[PDB]
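Protein chains in written order, with the authors' numbering: chain B, 98 to 145; chain U, 293 to 341; chain Z, 15 to 195; chain G, 45 to 101, 120 to 220.
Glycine included, each C-beta is placed from N, C-alpha and C at the ideal position.
A short write-up of the structure that comes next.
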Ligand SMILES: Nc1ncnc2c1ncn2[C@@H]1O[C@H](COP(=O)(O)OP(=O)(O)OP(=O)(O)O)[C@@H](O)[C@H]1O
Ligand SMILES: [Mg+2]
């Protein structure tokens, strides 16, 4: 579980922050719509 | 040996007040006659601000 | 008359104009592919050398290692305390670097778009002289105090009621003096 | 001498060869672009730039978000003219090279305090505060829409 911090337009390219590891740039999965991805709320994240 | 000099910057005097007024009231587009003496007398304990 | 090649010559000229951009693109692709065949190196600090080929170095973090060095590198510059770069898979000395400068100190070094001079500040023509007696004259003509037999002071502080012109005086001094600040 | 067809044939052959070379170069460029786009694996590592150090025979010194200091003999895919000490950059996870530059980030608490839904209250529903309203509006709203009335006189707003 991680926390998104912000986003950018025309491509998801979401910035993900975690408490102990580093922060990354990521995208969604296939089955999730980009509507309910509002910033500043906890999200699930793969291990790889 | 650490802070050798202590410098005091007190409130302005009448001459200092007149100097600051002449510095700051210059650029404004004034008109007519101006008398700084009354302004200096009235403003007591003021600052540059 | 002799324009039998003129059309073909113009076609060749247009093709050469296109080939100019095609060669710029080939060069750009070459730089892109060449750049992506390098790796970074860890940064650490040397402590001492055990023998001719063995040093002991400390990374920025904790762990300390006993490592070797490159053969062509000079060994006369590796005094204790210097900063070195090590390989990330074998941890061998590769290069020495100059001292670090913090980004905070770099930002602090130069930030002053103001250009306030001594004409915009008035009423305290004596304290300004008292302050300039400390930081200006000794830094340029230092043999006078040595002749008299004293040492000039180091620091000073300014105090008073709020809004009497302290930060303004500091800005004027910083903006009207040619020295590191 | 008289006119000869040799010039026309030579020019036509040169034009055809140059066009074919341009097509081949375009194909090679497409292949190289495909290879470059293959190396852009999406997961980056956000990091901070410490120094754009200059060396002689530009090299970067960076500080990754995982508390590791790295030295890069080459910058990467981003030009060194648009980098300052303290910039935020995305770095390849393994090769550790700069891949793109990111906008400056702000704290979530700071971002959450900006208004989104404007209130619907008007000036008409406040009674007995005319002087206060006039004194407040001439110091906040006025210096925004009527700045030309100020520098024409030489007076700074409150
Ligand atoms: N002698 C002076 N001449 C002209 N302006 C002055 C003078 N003293 C103060 N001021 C005015 O003071 C304003 C800001 O003052 P300044 O920032 O120096 O405050 P201060 O005395 O350091 O107080 P504090 O830091 O405690 O708030 C300037 O914009 C300037 O107009
Ligand atoms: Mg101040």
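Nearest-angstrom beta carbon gap, residue j and residue i [assumed within contact, 8 Å]
i                      : j                      : result
residue 152 of chain G : residue 140 of chain B : Incorrect: roughly 19 Å between the Cβ atoms, too far for contact.
residue 95 of chain G  : residue 123 of chain G : 4 Å
residue 56 of chain Z  : residue 83 of chain Z  : The Cβ separation is near 15 Å, so there is no contact.
residue 131 of chain Z : residue 186 of chain Z : 6 Å
residue 119 of chain B : residue 93 of chain G  : Not quite, the Cβ-Cβ distance comes to about 15 Å (not below 8 Å), so this is no contact.
residue 113 of chain B : residue 142 of chain B : 6 Å
residue 33 of chain Z  : residue 69 of chain G  : 7 Å
Residue i versus the options, residue with shortest Cα-Cα distance
i                      : options                       : result
residue 145 of chain B : G:88, G:92 and G:93           : G:88
residue 87 of chain Z  : G:183, G:101, G:155 and G:131 : G:101
residue 150 of chain Z : Z:191, Z:26, Z:141 and Z:164  : Z:191
residue 157 of chain G : G:184, G:97, G:196 and G:85   : G:85
residue 98 of chain G  : Z:99, Z:111 and Z:41          : Z:111
residue 92 of chain Z  : Z:195, Z:61 and Z:85          : Z:61
residue 120 of chain Z : G:169, G:186, G:149 and G:155 : G:149
residue 127 of chain B : B:104, B:109 and B:117        : B:109
residue 146 of chain Z : Z:38, Z:183 and Z:76          : Z:183
residue 71 of chain G  : Z:36, Z:47, Z:44 and Z:41     : Z:36
residue 293 of chain U : Z:194, Z:195, Z:175 and Z:171 : Z:171
residue 122 of chain Z : Z:105, Z:41 and Z:194         : Z:194
residue 79 of chain Z  : Z:104, Z:85 and Z:66          : Z:104
Contact check, residue i vs residue j, beta carbons under 8 Å
i                      : j                      : result
residue 136 of chain Z : residue 315 of chain U : yes
residue 189 of chain Z : residue 95 of chain Z  : no
residue 134 of chain G : residue 54 of chain Z  : yes
residue 181 of chain G : residue 201 of chain G : no
residue 167 of chain G : residue 101 of chain B : no
residue 148 of chain Z : residue 309 of chain U : no
residue 303 of chain U : residue 154 of chain Z : no
residue 19 of chain Z  : residue 65 of chain G  : no
residue 100 of chain Z : residue 62 of chain G  : no
residue 52 of chain Z  : residue 136 of chain G : yes
residue 125 of chain G : residue 142 of chain G : no
residue 59 of chain G  : residue 29 of chain Z  : yes
residue 180 of chain Z : residue 331 of chain U : no
residue 312 of chain U : residue 340 of chain U : yes
residue 98 of chain Z  : residue 109 of chain Z : yes
residue 205 of chain G : residue 117 of chain Z : no
residue 154 of chain G : residue 145 of chain G : no
residue 169 of chain Z : residue 295 of chain U : yes
DSSP-derived helix/strand/coil call for residue i
i                      : result
residue 111 of chain B : strand
residue 317 of chain U : coil
residue 60 of chain G  : helix
residue 124 of chain G : strand
residue 103 of chain G : Gap in chain G between 101 and 120; residue 103 of chain G lies inside it and carries no coordinates.
residue 163 of chain Z : coil
residue 329 of chain U : helix
residue 59 of chain Z  : strand
residue 138 of chain B : coil
residue 195 of chain Z : coil
residue 150 of chain G : strand
residue 108 of chain Z : strand
residue 293 of chain U : coil
residue 185 of chain G : helix
residue 121 of chain B : strand
residue 79 of chain Z  : strand
residue 39 of chain Z  : helix
residue 85 of chain Z  : coil
residue 211 of chain G : helix
residue 45 of chain Z  : helix
residue 99 of chain B  : strand
residue 25 of chain Z  : helix
residue 88 of chain G  : coil
residue 154 of chain Z : coil
Subject >> Residues proximal to ligand 1 by C-beta, any heavy atom closer than 6 Å >> reply: Checking every Cβ against the heavy atoms of ligand 1 under 6 Å gives U:312, U:315, U:340, U:341, Z:135, Z:136, Z:137, Z:138, Z:176, Z:177, Z:178, Z:179, Z:180, Z:181 and Z:182.
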